[PDB]
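Visitor: Supplied in structure tokens, the structure appears directly below.
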Amino acid sequence: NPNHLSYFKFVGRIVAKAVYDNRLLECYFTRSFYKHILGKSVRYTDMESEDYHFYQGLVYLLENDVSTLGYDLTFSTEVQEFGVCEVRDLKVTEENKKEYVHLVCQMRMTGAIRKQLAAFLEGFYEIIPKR
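Residues in the sequence shown are numbered consecutively from 21, following this note's numbering.
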């Protein structure tokens with residue numbers, strides 16, 4: 021849909037309208053999306069439901085030496101957004117992975133939705149202040 025961002029801003033408005041009216045909607049968003057509407061970072065355990073094998077890759081990164089990978093990685097990943105596939109920087113080491121799993125999960129959750137999300141947040145925060 022070429023106007024889709026505007027519709028995501030509309031549904032953010034409709035969510036804030038349901039909240040303002042104190043009326044319940046049958047929405048069942050992810051903990052990730054509720055965190056985004058609250059401005060909270062996601063956690064790597066959220067990836068388990070969205071992309072189990074990518075969660076499994078991160079869990080293979082945790083509690084294992086980088087030497088178990090047998091080839092190097094860096095803070096860059098291939099992402100399909102809007103049907104375009106692009107390699108995007110995220111900004112590897114024993115010190116960086118603590119942030120990589122956090123940041124890689126940010127990129128994997130938002131990259132494909134960052135503009136829909138910004139439109140939704142504009143619809144929501146138009147009516148319900150973020151704070």
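Ideal Cβ positions, reconstructed from N, Cα and C, are used throughout, including at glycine.
Run through DSSP, which three-state label would residue 112 get?
Guide: coil
Visitor: Does any residue of chain B have a CB that is nearer than 9 Å to the CB of residue 133?
Guide: The structure shown contains no chain B; it holds only a single protein chain.
Visitor: According to DSSP, which residues form a beta bridge with residue 119?
Guide: Answer is none; residue 119 lacks a bridge partner.
Visitor: In angstroms with no decimal places, state the Cα-to-Cα distance between residue 139 and residue 27.
Guide: 8 Å
Visitor: Between the C-alpha atoms of residue 129 and residue 120, what's the straight-line distance to the nearest angstrom?
Guide: When rounded, the distance between both Cα atoms is 14 Å.
Visitor: Please state if the CB of residue 122 and the CB of residue 64 are separated by a distance shorter than 9 Å.
Guide: yes
Visitor: So, helix, strand or coil for residue 92, using DSSP?
Guide: coil
Visitor: Can you tell me where the alpha helix (DSSP H) holding residue 134 begins and where it ends?
Guide: 134-147
Visitor: Compare the C-alpha of residue 47 against each of 56, 58, 40 and 35 and name the closest.
Guide: 35
Visitor: Please classify residue 86: does DSSP put it in a helix, a strand, or coil?
Guide: helix
Visitor: In angstroms, rounded to a whole number, what distance separates the CA positions of residue 143 and residue 22?
Guide: 18 Å
Visitor: Taking the beta carbon of residue 75 as the centre, do at least 16 other beta carbons fall within 10 Å, making it buried, or is it exposed?
Guide: buried
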